[PDB]
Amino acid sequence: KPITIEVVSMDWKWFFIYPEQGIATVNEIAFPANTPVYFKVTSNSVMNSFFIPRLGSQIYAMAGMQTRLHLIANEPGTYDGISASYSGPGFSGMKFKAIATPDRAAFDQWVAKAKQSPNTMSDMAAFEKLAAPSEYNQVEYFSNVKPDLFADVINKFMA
């Protein structure tokens, strides 16, 4: 029933991981409406803001630390997500999309469309490649992800 999503604000794009489903995406998340969505958030750069106005959901993202946000979307639809309003270039294109699908079958189907992507997120080398400075990043799916990649990222900023 509850969906867990791991968020990592990279330089000028958002990266999302679906620990239970085995996928990861960039600038786009989906989940069934009227369902408990569980976000684990962290930054891999400067501190940021995981903000979805329409859903009254805001949570900071900071390197070295994992924040949490619990969300329920009651009406189906696609909500926009914005990031921190820093005046710097690159932050401006740092938006993402929240697809609160009409039901779970629709969610299941979105996973399936992801599991069909050729490109994966299997190791940290792949991680830093994606992590490299990029503006206005387009949506992207990854049919496979390294098991504890969220943890691995936090450990980069431990002491």
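Each residue number is its position in the shown sequence, starting from 1.
For the pair 145-153 and 10-18, the mean Cα B-factor is higher in 145-153. Averaged over CA atoms, B-factors in the entry run higher in 113-121 than in the other of 113-121 and 90-98. Among the modelled residues of the chain, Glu28 sits in the lowest third by CA temperature factor in this PDB entry.
When the modelled residues of the chain are ordered by their C-alpha B factor, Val37 lands in the highest third. Among the modelled residues of the chain, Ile82 sits in the middle third by CA temperature factor in this PDB entry. In the PDB entry, a CA B factor belonging to the highest third of its chain's modelled residues is recorded for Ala105.
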